[PDB]
Amino acid sequence: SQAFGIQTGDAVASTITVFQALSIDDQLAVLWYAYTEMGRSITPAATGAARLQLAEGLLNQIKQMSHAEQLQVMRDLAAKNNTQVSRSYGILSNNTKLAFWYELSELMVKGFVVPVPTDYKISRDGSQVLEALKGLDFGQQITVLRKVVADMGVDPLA
Ligand SMILES: CC1=C(/C=C/C(C)=C/C=C/C(C)=C/C=C/C=C(C)/C=C/C=C(C)/C=C/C2=C(C)C(=O)CCC2(C)C)C(C)(C)CCC1=O
């Protein structure tokens, strides 16, 4: 094991790194396909963290935009563009950020938020990241997803 100073490998840390190197479009698609692959285990009431005053208002703000505006908002989050939505997002706690993305997906399933085109093709790199995440256990999956969405938006101490 650790007797020559070697590390076998950090599956969680490495998945986070390759995810964050993806294009913005691949990031959003991979997040969506992660939701479809764990949406059963995680239950719509098992969240208990998107009905807080902070997240609820941002979700309703996005819900009212046009589909084109909604997509631009999520691209801006992933790209860390300094906009009001990105600033509001960045003051959410990390679990609230996770619950926020989960509720966006539920709103897409319900038809209130722009859907993922099923003819959007994830790139080779994106497919490799999706496969890596699907090969992690459910607990490592939570850890990766939390870090990846935690870094989105604008840092309030930026
Ligand atoms: C339109 C369009 C597109 C659209 C792309 C789009 C619209 C993409 C949208 C993607 C979205 C909104 C994905 C959401 C994913 C949510 C996940 C993985 C949530 C996991 C939650 C977890 C693990 C939470 C767990 C829990 C919670 C909640 C707690 O708080 C407590 C416990 C725990 C922490 C475990 C493209 C960009 C694709 C192409 C161009 C184009 O036109």
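Values reported hereafter were calculated over all heavy atoms of this structure, with side chains retained and with hydrogens, waters and symmetry mates removed. Ligands are counted one by one from 1 in listed order, and the atoms in each one are counted from 1 as well. The first residue in the sequence is number 1, and the count goes up from there.
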(request) State whether a side-chain donor-acceptor pair under 3.5 Å links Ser88 with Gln84. (result) yes
(request) Among all protein heavy atoms, pick out the one at the shortest distance from atom 41 (C) of ligand 1; state its residue, atom name and that distance to 0.1 Å. (result) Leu71 CD2, 3.5 Å
(request) Could you list which atoms of ligand 1 come closer than 4.0 Å to a heavy atom of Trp101? (result) 11 (C), 12 (C), 14 (C), 16 (C)
(message) Among all the protein's non-hydrogen atoms, which is closest to atom 15 (C) of ligand 1, and how far away is it?
(response) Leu31 O, 3.3 Å
(request) Might you check, step by step, whether the distance between atom 32 (C) of ligand 1 and some protein heavy atom is under 4.0 Å? (result) no
(message) Under 4.0 Å, counting heavy atoms only: does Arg146 come that close to any atom of ligand 1?
(response) yes
(request) Name all residues meeting the ring pair (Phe, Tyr, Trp, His ring centres under 6.0 Å) criterion together with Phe100; count only those two or more places apart in sequence or in a different chain, and write none if there are none. (result) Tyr89
(request) Identify, by atom number and element, the atoms of ligand 1 in contact range of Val116, meaning under 4.0 Å from any of its heavy atoms. (result) 5 (C), 6 (C), 8 (C)
(request) With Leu98 as reference, evaluate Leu145, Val148, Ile42 under the side chain to side chain contact (heavy atoms under 4.5 Å, CB included) test and give the passing residue. (result) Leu145
(message) So is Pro115 touching ligand 1 or not, going by heavy atoms under 4.0 Å?
(response) yes
(message) I'd like to know if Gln70 contacts ligand 1, where contact means a heavy-atom distance under 4.0 Å to any ligand atom.
(response) no
(message) Within the structure, is a non-hydrogen atom of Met38 found at a distance of less than 4.0 Å from ligand 1?
(response) no
(request) State which residues pass side chain to side chain donor-acceptor pair (under 3.5 Å) with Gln140; sequence neighbours excluded, sorted by chain then number. (result) none
(request) Considering only protein heavy atoms, determine whether one is less than 4.0 Å from atom 2 (C) of ligand 1. (result) yes
